[PDB]
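Report on the structure
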Amino acid sequence: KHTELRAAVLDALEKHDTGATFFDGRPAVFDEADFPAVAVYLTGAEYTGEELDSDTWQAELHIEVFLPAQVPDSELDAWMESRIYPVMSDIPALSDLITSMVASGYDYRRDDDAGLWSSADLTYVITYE
């Protein structure tokens, strides 16, 4: 498994997140965004993802924060930056590979059950360039 990533991200999660509700991966339940929760998912489990025994760290860190529909964009956005950035920066591997974590696209979603709720999908690709 690519579980080395899981360990790194979980450690950072433990140290820097709000600590409200965490998901190892996005659950197969009804829209999470009914309640405030955060899930962290890194690429390599969806597919074989080619297991790497390499010294270099590369992964997509896809972090999803789920918040009530009554939560405005600025608050969702704030939640994302204020927690997620200190979390990712806390990952030692990111410090090893790159000077600072390089941004990738932000997408706003809600797409499991009905989707009228609020979730913020932030994607970070590491070793992107």
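Residues numbered from 1 in each chain as written, not as in the entry; some residues may be left out. Heavy atoms only, no water.

For this deposited structure, the header cites solution NMR as the method used.

1. A look at the packing of aromatic side chains
Within a pair of aromatic rings, the relevant descriptors are the distance that separates the centres and the angle that separates the planes. Under the criterion given, the structure shown has two aromatic pairs. With centroids separated by 6.3 Å and ring planes inclined at 55°, the aromatic side chains of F23 and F35 adopt a geometry described as tilted. One end of the pair, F23, is in strand β1 (residues 22-23); the other, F35, is in the loop between β1 and β2 (37-42), and 12 residues separate them in sequence. Residues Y85 and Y124 carry aromatic rings whose centres are separated by 5.5 Å and whose planes lie at 80° to one another, so their mutual orientation is edge-to-face. (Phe/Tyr/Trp six-rings, centres within 6.5 Å; stacked < 30°, edge-to-face > 60°. Helix = DSSP H or I, 4+ residues; strand = E, 2+ residues; numbered from the N terminus.)

2. Some points on unusual backbone geometry
Phi at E50 is positive, roughly 50°, even though this residue is not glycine. Mapped onto the fold, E50 is located in the loop between β2 and β3 (60-67). We classify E50 as exposed; its relative accessible area is 53%. Positioned with a positive phi, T127 is a non-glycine residue whose angle comes to about 70°. Secondary-structure assignment places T127 in the segment after β5 (118-125). Judged by its relative accessible area of 35%, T127 falls in the partly exposed class. (Buried < 20%, exposed > 50% of the residue type's maximum accessible area, 1.4 Å probe, protein only.)

3. Comments concerning the sheet that holds strand β4 (residues 106-109)
Read from one edge of the open sheet, five strands run β1-β2-β3-β5-β4, paired in mixed fashion. Unpaired on one side and paired on the other, β1 and β4 mark the two borders of the sheet. Strand direction decides the pairing type here: β2 and β3, joined by six bridges, are antiparallel. Residue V40 lies in a different strand from β3, and its bridge partner there is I63. Most of the contacts of helix α2 (residues 73-90) go to β3, to which it runs at about 140°, and overall it touches β2, β3, β4 and β5. (Pairing = 2+ DSSP bridges. Contact = heavy atoms within 4.5 Å. Axes fitted to C-alpha atoms, helices over the stretch in contact; angles between N-to-C directions.)

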